[PDB]
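Presented as structure tokens, the chain that follows is alone, the form deposited in one PDB entry.
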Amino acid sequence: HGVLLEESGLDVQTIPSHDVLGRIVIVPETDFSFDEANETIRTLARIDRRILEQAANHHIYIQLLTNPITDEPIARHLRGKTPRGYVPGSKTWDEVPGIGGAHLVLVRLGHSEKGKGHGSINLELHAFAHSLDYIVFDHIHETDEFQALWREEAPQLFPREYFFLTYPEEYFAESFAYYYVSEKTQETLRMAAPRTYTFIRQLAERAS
């Protein structure tokens, strides 16, 4: 079922924006790892508060799981199916540790870093960025502005990576993760794709 972070026993007052994340994040009802949950929440806490507040206004939740995402009712229908953009026969949704784009983001604890069932630099930021794109910013990856940034700069940050060069919504979610994962990755984004950096930066102003 899950418990809201604000209703759990986890202490989070030193986590930035804990009041808004307390209403967004859902942690498991069953024994999980306090370190993995704390690192995932503090990473989400790097997001500008205006964006997090808009997510709460749109009733977006981020549920942290200790099991495959397809065990949850919301994603059960994806069992046995190839994820969008994946080569057939290389993966099913049951093996995917995170999913975003709707009002309930699912993120499996312990699979945040690259290679842990996925190829993102940060699973929770990538998955959450999908819901921000589709719900909070009304499919902003489809705007003419973002389409121009994607065609020009996606090859600069993800050269010869068909996944990001084919799906602009995927370029958005991973650029969002680069912006918020660390000072280093944000600088990488700023150096290789300065217009994309500026676009992600302006999201906090769009959310207010």
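Residue numbers run from 1 along the displayed sequence. Take the two forms, superpose them, and find the largest set of C-alpha atoms that agree within 1.5 Å; that set is the rigid core.
Missing here is the form deposited in another entry; even so, the following discussion is about that form.
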Exercise. C-alpha of residue 102: shift of 2 angstroms or more between the shown form and the other one, rigid core aligned?
Worked result: no
For this session: Indicate whether residue 119 shows a C-alpha shift of 2 Å or more between the shown form and the other one, with the rigid core used for the fit.
Result: no
For this session: Look at residue 135 and decide if its Cα position differs by 2 Å or more between the shown form and the other one after superposing on the rigid core.
Result: no
